[PDB]
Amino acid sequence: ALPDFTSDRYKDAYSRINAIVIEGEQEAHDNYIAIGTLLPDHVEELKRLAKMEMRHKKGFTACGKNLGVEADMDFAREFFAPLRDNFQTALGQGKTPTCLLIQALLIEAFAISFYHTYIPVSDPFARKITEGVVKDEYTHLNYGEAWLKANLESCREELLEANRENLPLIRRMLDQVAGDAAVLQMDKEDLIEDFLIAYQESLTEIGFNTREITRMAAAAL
């Protein structure tokens, strides 16, 4: 059954979920622009992806306003801090494959899972917004898949390390979001399933075999 979008219980949980999505979109914008410093020949495409993220950010901001909710941005910034720090560390070292795995694979798969799971239980205003967004994140996933696929033989070991270090952070994020997500009528098992499906598919496209992907997904433990 659909949540009561007007309840204090719902608005409280939404204040944090809304913030997380808004912050995620802002960080995605910033990350794609940053990746442009590592891939200067990709700058126009990356700018395009970044602009899409700002469009998403504005749409989700409007979702919070529509429900009369003030987004808890401090909570959202802390929620993303561990992954953000790892992205910044990789960026500083010029580690493009790690930056792409964090943003274009892990974060996009996390977003795709959230949006897929939220849509069926969203209010009619937010539903339209979120339905516009999902196609876009598959484009972003495809962009990362394409670059990593083309460069796999030079960065396989780095990707294994990036996965080992960052997949557990996504798992922690899923654990942390689950309580509020449940108030929004979202099942944690659906979030996990959809995330792992999207990520496994990305890794398959990139050129990892079944054994490699199994070992990689197991890093979440």
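We number the residues from 1 along the sequence you see.
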| note | Of 205-213 vs 21-29, the stretch with the larger average CA B-factor in the entry is 205-213
| field | Comparing 147-155 with 84-92, the one whose average Cα B-factor in the PDB entry is higher | value | 147-155
| field | Modelled-residue ranking by C-alpha temperature factor, third containing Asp123 | value | middle
| C-alpha B factor of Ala181, ranked within the chain: lowest, middle or highest third? | lowest
| field | Position of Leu67 among the chain's modelled residues by C-alpha B-factor, lowest, middle or highest third | value | highest
| message | Where does the C-alpha B-factor of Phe79 rank in its chain, lowest, middle or highest third? | response | middle
| note | Chain thirds by Cα B factor, record data; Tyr115 belongs to the middle
